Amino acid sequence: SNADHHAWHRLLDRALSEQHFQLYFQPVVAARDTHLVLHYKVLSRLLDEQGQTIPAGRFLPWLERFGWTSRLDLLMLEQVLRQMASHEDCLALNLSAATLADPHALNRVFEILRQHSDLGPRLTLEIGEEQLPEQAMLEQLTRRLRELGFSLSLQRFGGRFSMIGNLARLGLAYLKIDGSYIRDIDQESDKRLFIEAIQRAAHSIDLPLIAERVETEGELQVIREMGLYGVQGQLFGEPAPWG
């Protein structure tokens, strides 16, 4: 694969520099009524010669090996902020540990955000739990974002529940729960006790909860019945260009 590295490498580099990434939008909706959307998660895709889509699951890895993940983040950031002037809907954008660990990258982000202060309300940046900063830089990060008027969320949440307490300082916009803790909850009640604990803690600190990766009407009903704020997943069609 000495070569494959070259193929992908020569691929992504040009995609970063030429803006070959397409903007795709996954609806995140209300558990109580899935016809109500809360905001749209923003996804990045690539188009093959045929026009077919290429998911990040197939190219992120390559971005990681090359250490260009920051490089993307920013392309999406600017590209999105640009997209957002055409409308007045709420968006959620992905942020990568790669971009956070790199001081130069952040500062870039803040420089960008500064140019688009008017879109603070409508843009929530999401970072993953799995790949998360130390306590100190995290509180700093939210401060920097509060000053600029932007919201921060966590996703893939659930494994670092132990840290639930430090989240209050912050003022996260919401908490997106890893869909693994929700999978077949309809037929595996042992899973609900965990969720409850979350709600009782989240509710406690006025943090809304969104259920990630809901794939079946069964899971939807119990989430609805347990009263979580939000829901997203395959169960609501595929993501898609801005229609």
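Residue indices: 1-based, along the sequence shown.
Asker: Quick one: say whether 43-51 or 192-200 has the higher mean Cα B-factor in the deposited entry.
Answerer: Going by the record's values, the stretch with the higher mean is 43-51.
Asker: Tell me which stretch, 90-98 or 131-139, has the higher mean Cα B-factor listed in the entry.
Answerer: The stretch with the larger average C-alpha B-factor is 131-139.
Asker: Compared with the other modelled residues in the chain, in which third is the CA B-factor of residue 33?
Answerer: For residue 33, the deposited C-alpha B-factor lands in the middle third.
Asker: Quick check for you: using the entry's CA B-factors within this chain, is residue 176 in the lowest, middle or highest third?
Answerer: Within its chain, residue 176 is a lowest-third residue by C-alpha B-factor, going by the deposited values.
Asker: Among the chain's modelled residues, which third holds the C-alpha B-factor of residue 120?
Answerer: Lowest third of the chain for residue 120's C-alpha B-factor.
Asker: Taking only the Cα B-factors deposited for this chain, tell me whether residue 147 sits in the lowest, middle or highest third.
Answerer: As the PDB entry reports it, the C-alpha B-factor of residue 147 lands in the highest third of its chain.
Asker: Where does residue 16 sit by CA temperature factor within its chain: lowest, middle or highest third?
Answerer: Within its chain, residue 16 is a middle-third residue by C-alpha B-factor, going by the deposited values.
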